[PDB]
>>> print(open('work.cif').read())   # mmCIF, C-alpha atoms and all ligand atoms; chains and numbers go by the auth columns
data_start
#
loop_
_atom_site.group_PDB
_atom_site.id
_atom_site.type_symbol
_atom_site.label_atom_id
_atom_site.label_comp_id
_atom_site.label_asym_id
_atom_site.label_seq_id
_atom_site.Cartn_x
_atom_site.Cartn_y
_atom_site.Cartn_z
_atom_site.B_iso_or_equiv
_atom_site.auth_seq_id
_atom_site.auth_asym_id
ATOM 1 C CA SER A 1 0.000 0.000 0.000 0.00 1 A
ATOM 2 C CA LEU A 2 0.554 3.684 0.264 0.00 2 A
ATOM 3 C CA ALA A 3 -0.355 6.273 2.879 0.00 3 A
ATOM 4 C CA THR A 4 0.085 9.060 0.323 0.00 4 A
ATOM 5 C CA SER A 5 1.804 9.998 -2.900 0.00 5 A
ATOM 6 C CA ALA A 6 4.285 12.861 -3.024 0.00 6 A
ATOM 7 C CA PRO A 7 2.511 16.218 -2.598 0.00 7 A
ATOM 8 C CA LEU A 8 0.807 17.855 -5.576 0.00 8 A
ATOM 9 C CA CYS A 9 -0.866 21.219 -5.264 0.00 9 A
ATOM 10 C CA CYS A 10 -3.707 23.129 -6.955 0.00 10 A
ATOM 11 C CA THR A 11 -2.289 25.715 -9.348 0.00 11 A
ATOM 12 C CA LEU A 12 -4.791 28.350 -8.202 0.00 12 A
ATOM 13 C CA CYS A 13 -5.505 27.757 -4.486 0.00 13 A
ATOM 14 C CA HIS A 14 -2.385 25.708 -3.519 0.00 14 A
ATOM 15 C CA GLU A 15 -4.378 23.001 -1.731 0.00 15 A
ATOM 16 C CA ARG A 16 -3.037 19.464 -1.723 0.00 16 A
ATOM 17 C CA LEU A 17 -4.707 17.333 -4.365 0.00 17 A
ATOM 18 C CA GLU A 18 -2.498 14.286 -4.944 0.00 18 A
ATOM 19 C CA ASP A 19 -4.525 11.057 -4.680 0.00 19 A
ATOM 20 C CA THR A 20 -7.791 12.914 -5.296 0.00 20 A
ATOM 21 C CA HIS A 21 -10.088 13.428 -8.256 0.00 21 A
ATOM 22 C CA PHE A 22 -8.892 16.708 -9.772 0.00 22 A
ATOM 23 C CA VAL A 23 -8.505 18.326 -13.200 0.00 23 A
ATOM 24 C CA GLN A 24 -5.188 17.657 -14.933 0.00 24 A
ATOM 25 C CA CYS A 25 -4.297 19.872 -17.874 0.00 25 A
ATOM 26 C CA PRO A 26 -3.246 17.466 -20.678 0.00 26 A
ATOM 27 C CA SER A 27 -0.242 19.453 -21.934 0.00 27 A
ATOM 28 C CA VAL A 28 1.123 21.135 -18.774 0.00 28 A
ATOM 29 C CA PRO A 29 1.903 18.703 -15.933 0.00 29 A
ATOM 30 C CA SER A 30 1.978 21.425 -13.273 0.00 30 A
ATOM 31 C CA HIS A 31 -1.537 22.683 -14.193 0.00 31 A
ATOM 32 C CA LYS A 32 -3.673 20.851 -11.616 0.00 32 A
ATOM 33 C CA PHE A 33 -7.004 22.151 -10.354 0.00 33 A
ATOM 34 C CA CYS A 34 -9.202 21.062 -7.486 0.00 34 A
ATOM 35 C CA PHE A 35 -12.913 20.739 -8.133 0.00 35 A
ATOM 36 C CA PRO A 36 -13.851 23.989 -6.262 0.00 36 A
ATOM 37 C CA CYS A 37 -11.433 26.037 -8.350 0.00 37 A
ATOM 38 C CA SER A 38 -12.558 24.225 -11.503 0.00 38 A
ATOM 39 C CA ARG A 39 -16.188 25.071 -10.711 0.00 39 A
ATOM 40 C CA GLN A 40 -15.267 28.761 -10.658 0.00 40 A
ATOM 41 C CA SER A 41 -13.431 28.451 -13.970 0.00 41 A
ATOM 42 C CA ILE A 42 -16.401 26.694 -15.584 0.00 42 A
ATOM 43 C CA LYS A 43 -18.817 29.375 -14.389 0.00 43 A
ATOM 44 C CA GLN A 44 -16.600 32.272 -15.468 0.00 44 A
ATOM 45 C CA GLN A 45 -15.684 30.826 -18.887 0.00 45 A
ATOM 46 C CA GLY A 46 -19.093 29.308 -19.705 0.00 46 A
ATOM 47 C CA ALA A 47 -20.517 32.416 -21.395 0.00 47 A
ATOM 48 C CA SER A 48 -17.848 32.289 -24.135 0.00 48 A
ATOM 49 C CA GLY A 49 -19.113 28.918 -25.365 0.00 49 A
ATOM 50 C CA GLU A 50 -16.101 26.831 -24.288 0.00 50 A
ATOM 51 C CA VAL A 51 -14.191 26.116 -21.080 0.00 51 A
ATOM 52 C CA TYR A 52 -10.420 25.971 -21.602 0.00 52 A
ATOM 53 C CA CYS A 53 -7.609 25.261 -19.133 0.00 53 A
ATOM 54 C CA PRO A 54 -8.354 27.082 -15.838 0.00 54 A
ATOM 55 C CA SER A 55 -4.867 28.654 -16.001 0.00 55 A
ATOM 56 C CA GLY A 56 -6.222 30.894 -18.750 0.00 56 A
ATOM 57 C CA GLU A 57 -3.230 30.022 -20.947 0.00 57 A
ATOM 58 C CA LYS A 58 -5.317 28.097 -23.533 0.00 58 A
ATOM 59 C CA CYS A 59 -3.045 25.078 -23.260 0.00 59 A
ATOM 60 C CA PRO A 60 -3.244 22.754 -26.277 0.00 60 A
ATOM 61 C CA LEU A 61 -4.787 19.385 -26.657 0.00 61 A
ATOM 62 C CA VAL A 62 -1.779 17.065 -26.805 0.00 62 A
ATOM 63 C CA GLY A 63 -0.690 16.603 -30.421 0.00 63 A
ATOM 64 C CA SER A 64 -2.758 19.513 -31.685 0.00 64 A
ATOM 65 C CA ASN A 65 -2.540 23.271 -32.067 0.00 65 A
ATOM 66 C CA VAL A 66 -5.902 24.114 -30.495 0.00 66 A
ATOM 67 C CA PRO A 67 -6.712 24.604 -26.799 0.00 67 A
ATOM 68 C CA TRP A 68 -8.231 21.651 -24.980 0.00 68 A
ATOM 69 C CA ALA A 69 -11.792 22.146 -23.746 0.00 69 A
ATOM 70 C CA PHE A 70 -13.868 20.458 -21.065 0.00 70 A
ATOM 71 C CA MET A 71 -16.400 17.830 -22.074 0.00 71 A
ATOM 72 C CA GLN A 72 -20.004 18.199 -20.913 0.00 72 A
ATOM 73 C CA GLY A 73 -19.682 14.985 -18.905 0.00 73 A
ATOM 74 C CA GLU A 74 -16.681 16.393 -17.054 0.00 74 A
ATOM 75 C CA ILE A 75 -18.529 19.602 -16.217 0.00 75 A
ATOM 76 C CA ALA A 76 -21.331 17.415 -14.838 0.00 76 A
ATOM 77 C CA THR A 77 -18.923 15.449 -12.620 0.00 77 A
ATOM 78 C CA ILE A 78 -17.259 18.625 -11.369 0.00 78 A
ATOM 79 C CA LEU A 79 -20.490 20.445 -10.536 0.00 79 A
ATOM 80 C CA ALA A 80 -22.104 17.422 -8.814 0.00 80 A
ATOM 81 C CA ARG B 1 -8.253 12.468 -25.183 0.00 1 B
ATOM 82 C CA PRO B 2 -8.784 10.622 -21.932 0.00 2 B
ATOM 83 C CA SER B 3 -10.719 12.518 -19.296 0.00 3 B
ATOM 84 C CA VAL B 4 -8.951 15.404 -17.602 0.00 4 B
ATOM 85 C CA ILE B 5 -10.448 14.173 -14.310 0.00 5 B
ATOM 86 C CA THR B 6 -7.970 12.030 -12.393 0.00 6 B
HETATM 87 ZN ZN ZN C . 2.691 -0.647 -0.070 0.00 101 C
HETATM 88 ZN ZN ZN C . -7.927 24.964 -6.040 0.00 102 C
HETATM 89 ZN ZN ZN C . -3.018 24.233 -18.768 0.00 103 C
#
>>> encode(input="work.cif", output="structure tokens", more="lines below")
Ligand SMILES: [Zn+2]
Ligand SMILES: [Zn+2]
Ligand SMILES: [Zn+2]
Amino acid sequence: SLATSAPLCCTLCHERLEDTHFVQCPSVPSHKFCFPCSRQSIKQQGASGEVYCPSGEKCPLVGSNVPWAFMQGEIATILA
Amino acid sequence: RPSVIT
């Protein structure tokens, strides 16, 4: 077993999130967001039509040149 | 992509 992995921290609020369900930016390993911070990003970005990386840096989908966006099902899980 | 939710 394991008591805990090495510490990993929310990019925006600095809270520990290793070994939890959190949002991992596909193309930037250090971009990690807890669900509370992600909820804020979804609400603030939602009016544009798409929700991109909560860092605001429009990080790409891996292998592509366009920013990755949340899926509807992920928004549902995060807002639950 | 896989889900962004870990
Ligand atoms: Zn062990
Ligand atoms: Zn956070
Ligand atoms: Zn990112």
>>> closest_residue(input="work.cif", among="A:5, A:38, A:72, A:55", to="residue A:20", atoms="only C-alpha atoms")
A:5
>>> interface_residues(input="work.cif", of="chain A", to="chain B", cutoff="9 Å", atoms="all atoms listed in the file", output="number ranges by chain")
A: 19-26, 61-62, 70-71, 74, 77-78
>>> residues_near_ligand(input="work.cif", ligand="ligand ZN 103 (chain C)", cutoff="10 Å", atoms="only C-alpha atoms and all ligand atoms", output="CSV table (one decimal) with C-alpha atoms, in the coordinates of the input")
chain,number,residue,atom,x,y,z
A,11,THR,CA,-2.3,25.7,-9.3
A,23,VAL,CA,-8.5,18.3,-13.2
A,24,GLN,CA,-5.2,17.7,-14.9
A,25,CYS,CA,-4.3,19.9,-17.9
A,26,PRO,CA,-3.2,17.5,-20.7
A,27,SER,CA,-0.2,19.5,-21.9
A,28,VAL,CA,1.1,21.1,-18.8
A,29,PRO,CA,1.9,18.7,-15.9
A,30,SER,CA,2.0,21.4,-13.3
A,31,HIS,CA,-1.5,22.7,-14.2
A,32,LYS,CA,-3.7,20.9,-11.6
A,33,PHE,CA,-7.0,22.2,-10.4
A,52,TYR,CA,-10.4,26.0,-21.6
A,53,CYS,CA,-7.6,25.3,-19.1
A,54,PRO,CA,-8.4,27.1,-15.8
A,55,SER,CA,-4.9,28.7,-16.0
A,56,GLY,CA,-6.2,30.9,-18.8
A,57,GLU,CA,-3.2,30.0,-20.9
A,58,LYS,CA,-5.3,28.1,-23.5
A,59,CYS,CA,-3.0,25.1,-23.3
A,60,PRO,CA,-3.2,22.8,-26.3
A,61,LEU,CA,-4.8,19.4,-26.7
A,67,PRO,CA,-6.7,24.6,-26.8
A,68,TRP,CA,-8.2,21.7,-25.0
>>> atom_distance(input="work.cif", atom1="atom CA of residue A:64", atom2="atom ZN of ligand ZN 102 (chain C)")
26.7 Å
>>> resolve_selection(input="work.cif", expression="the PyMOL selection byres (((not hetatm)) within 8 of (chain C and resi 102))", output="list in words")
residues 10, 11, 12, 13, 14, 15, 33, 34, 35, 36, 37 and 38 of chain A
>>> write_last_selection(input="work.cif", atoms="C-alpha atoms", output="JSON list (two decimals), keeping the file's coordinate frame")
[["chain", "number", "residue", "atom", "x", "y", "z"],
["A", 10, "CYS", "CA", -3.71, 23.13, -6.96],
["A", 11, "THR", "CA", -2.29, 25.72, -9.35],
["A", 12, "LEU", "CA", -4.79, 28.35, -8.20],
["A", 13, "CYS", "CA", -5.50, 27.76, -4.49],
["A", 14, "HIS", "CA", -2.38, 25.71, -3.52],
["A", 15, "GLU", "CA", -4.38, 23.00, -1.73],
["A", 33, "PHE", "CA", -7.00, 22.15, -10.35],
["A", 34, "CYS", "CA", -9.20, 21.06, -7.49],
["A", 35, "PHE", "CA", -12.91, 20.74, -8.13],
["A", 36, "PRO", "CA", -13.85, 23.99, -6.26],
["A", 37, "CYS", "CA", -11.43, 26.04, -8.35],
["A", 38, "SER", "CA", -12.56, 24.22, -11.50]]
>>> residues_around(input="work.cif", residues="residue A:4", least_positions_apart="3", cutoff="12 Å", atoms="all atoms listed in the file", output="MDAnalysis selection string")
chainID A and resid 1 7:8 16:20
>>> axis_aligned_box(input="work.cif", around="chain B", padding_each_side="3 Å", output="AutoDock Vina command-line options")
--center_x -9.3 --center_y 13.0 --center_z -18.8 --size_x 8.7 --size_y 10.8 --size_z 18.8
>>> atom_distance(input="work.cif", atom1="atom CA of residue A:3", atom2="atom ZN of ligand ZN 101 (chain C)")
8.1 Å
>>> atom_distance(input="work.cif", atom1="atom CA of residue A:66", atom2="atom CA of residue A:51")
12.7 Å
>>> build_atoms(input="work.cif", residues="chain B", atoms="N, CA and C atoms", output="mmCIF file, in the coordinates of the input")
data_model
loop_
_atom_site.group_PDB
_atom_site.id
_atom_site.type_symbol
_atom_site.label_atom_id
_atom_site.label_comp_id
_atom_site.auth_asym_id
_atom_site.auth_seq_id
_atom_site.Cartn_x
_atom_site.Cartn_y
_atom_site.Cartn_z
ATOM 1 N N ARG B 1 -9.101 12.555 -26.363
ATOM 2 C CA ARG B 1 -8.253 12.468 -25.183
ATOM 3 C C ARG B 1 -8.950 11.667 -24.104
ATOM 4 N N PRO B 2 -8.182 11.096 -23.180
ATOM 5 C CA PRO B 2 -8.784 10.622 -21.932
ATOM 6 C C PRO B 2 -9.380 11.793 -21.172
ATOM 7 N N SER B 3 -10.145 11.473 -20.132
ATOM 8 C CA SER B 3 -10.719 12.518 -19.296
ATOM 9 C C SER B 3 -9.613 13.327 -18.629
ATOM 10 N N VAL B 4 -9.878 14.621 -18.414
ATOM 11 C CA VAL B 4 -8.951 15.404 -17.602
ATOM 12 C C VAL B 4 -9.152 15.161 -16.117
ATOM 13 N N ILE B 5 -10.186 14.420 -15.724
ATOM 14 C CA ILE B 5 -10.448 14.173 -14.310
ATOM 15 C C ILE B 5 -9.675 12.929 -13.887
ATOM 16 N N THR B 6 -8.816 13.101 -12.895
ATOM 17 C CA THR B 6 -7.970 12.030 -12.393
ATOM 18 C C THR B 6 -8.778 11.095 -11.504
#
